[PDB]
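Asker: This is the structure I have questions about; it appears just below.
Note: ideal-geometry Cβ built from the backbone for every residue, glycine included; neighbour counts use all protein chains shown. Coordinate-derived values only; no laboratory data.
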Amino acid sequence: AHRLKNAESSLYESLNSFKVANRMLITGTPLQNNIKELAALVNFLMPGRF
DNA sequence: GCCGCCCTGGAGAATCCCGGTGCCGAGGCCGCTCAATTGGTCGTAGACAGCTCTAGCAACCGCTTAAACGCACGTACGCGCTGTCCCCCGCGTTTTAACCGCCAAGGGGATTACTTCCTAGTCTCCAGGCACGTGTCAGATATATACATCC
């Protein structure tokens with residue numbers, strides 16, 4: 001899911017538009033460069049509560 | 001008497017149609033906001049008139065002479081046909097890199113706002129460079145006259 005670390009990518013816009021009840025991210029490095037990547041991951045998981 | 005095989009009826013599920021509701025593209029509405037509008041003033045660009053001098057124009061003349069035109073001939077070249085061979089095209093197969101999607105940070109450049117100062121516009125005055133006309137002067141050109149010479 002570090003490939004999903006950028007919110008402006010085409011994969012993020014493609015996967016975030018899916019109609020899925022429960023999502024899950026499997027990775028080894030949740031934070032790589034800054035807090036913004038972790039913000040993108042937790043906004044992919046829960047869009048708004050964080 | 002017992003068991004196996006052929007014919008026909010009603011109930012369960014798939015599909016078409018309609019209504020209620022949510023999402024994409026576009027238009028009406030609102031707000032900022034800066035550039036077009038309006039009004040007034042003034043300077044000057046250009047219209048108008050006038051006089052002078054030079055070029056153009058229509059229609060004719062006359063003369064010269066070189067260019068244009070007509071004609072005959074001839075032959076060189078455009079064009080058509082045929083051969084030939086070679087090179088480009090079509091197709092099948094394999095490779096490969098364009099394309100799209102990704103970092104990773106950093107600089108270039110477009111804006112917005114602000115400050116400052118140097119330089120170019122503007123004005124006044126003046127003088128010398130440019131345009132025109134002319135007197136004069138040295139180089140180029142043509143002939144007048146004297147000397148050596150052939151028949």
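Asker: Compute the whole-percent fraction of alpha carbon pairs in chain A spaced more than 14 Å apart. Intermediate values should be presented prior to the final figure.
Answerer: Working: 574 of 1225 pairs.
The calculated P(r) of chain A puts 47 percent of pairs beyond 14 Å.
Asker: Quick check: residue separation of A:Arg3 and A:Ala39 times 0.36 nm, minus the Cα distance between them. What number comes out in nm? Present the calculation step by step, with values, prior to reporting the outcome.
Answerer: On the way: separation 36, 0.36 × 36 = 12.96 nm, distance 1.37 nm.
Result for the pair: 11.6 nm of gain on full extension.
Asker: Once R0 is set to 22 Å, what does the formula 1/(1 + (r/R0)^6) return for the Cβ-Cβ distance between A:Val20 and A:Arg49, expressed as a FRET efficiency to the nearest 0.05? Present the calculation step by step, with values, prior to reporting the outcome.
Answerer: Values: r = 17 Å, r/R0 = 0.77.
So the FRET efficiency works out to roughly 0.80.
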